[PDB]
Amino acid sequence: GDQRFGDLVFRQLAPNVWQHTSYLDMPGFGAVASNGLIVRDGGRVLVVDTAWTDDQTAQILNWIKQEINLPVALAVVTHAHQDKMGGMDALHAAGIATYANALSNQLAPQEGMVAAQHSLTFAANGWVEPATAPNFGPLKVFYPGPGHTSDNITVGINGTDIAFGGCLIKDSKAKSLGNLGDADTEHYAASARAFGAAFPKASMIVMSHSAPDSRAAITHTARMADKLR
């Protein structure tokens, strides 16, 4: 189950796939968990999302060194907010090649983030343009449309039952869609459904702020998003 490593938590989800979890204290609200992914692809490791901070992200890399002990070939971050991109400097200090939606890199300075080194662009169907995501191995990057933010992207892991919705998707019992300050209220529902349609055989849905769930996370997120229109 959960492996505590310093102030972070790591959970194996499948062969070659682990979830990383980091926490940021919010006075009057609580300590908020944020989840990303670590994937071993043969002799290298791929990371989805930073932790909230550089220090926590360096701890992710320390855990990888202890538990996997293979080079981290790249990281892809799923939108330009702190829970997904706050540790970019730690990745760069470690010499890891970093990738984000072109729009995330454009937004990064004003959002207080450090931009990734490389920009992903997307075809009209939402799939990443392959030239912009070289050597991504089993990572299948998909832009579902605007939802939690205008730049949110999602990632499936080929060879597994796992798809990652980042902050776009909430769990099947979530009370609400949470912070909608940067959200696209008109398009959220369709964007959530587009994520599910891009990864139709994914039975384990991973997300930023809940434990992995069934595909009911997708249907429930979309049904709540219907109310925004």
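Numbers for residues come from their place in the sequence shown, where the first is 1.
Q: Could you settle it for me: does 4-12 or 220-228 have the higher average Cα B factor in the PDB entry?
A: Stretch with the greater average CA B-factor: 220-228.
Q: Mind pulling up the entry and telling me whether 138-146 or 81-89 has the higher mean Cα temperature factor?
A: Per the deposited B-factors, the answer is 138-146.
Q: Which one of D49, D41, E67, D55 shows the biggest C-alpha B-factor in the PDB entry?
A: When the deposited C-alpha B-factors of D49, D41, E67, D55 are compared, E67 is largest.
Q: Whose C-alpha has the highest temperature factor in the PDB entry: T132, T154, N105, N125?
A: Of the options given, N125 has the highest CA B-factor in the PDB entry.
Q: Using the B-factors in the PDB entry, rank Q110's C-alpha atom against the chain and give the third, lowest, middle or highest.
A: For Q110, whose C-alpha B-factor we compare with every modelled residue in the chain, the answer is the highest third.
Q: Comparing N35 with the other modelled residues of its chain, is its CA B-factor in the lowest, middle or highest third?
A: For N35, the deposited C-alpha B-factor lands in the lowest third.
Q: Against its chain's modelled residues, does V45's Cα B factor rank lowest, middle or highest third?
A: Its C-alpha B-factor, which the entry lists for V45, ranks in the lowest third among residues of this chain.
Q: By the recorded C-alpha temperature factor, relative to the other modelled residues in its chain, which third is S119 in?
A: Its C-alpha B-factor belongs to the middle third of this chain's values.
Q: Would you mind ranking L61 by its C-alpha B-factor against the rest of the chain and naming the third, lowest, middle or highest?
A: Bottom third by C-alpha B-factor.
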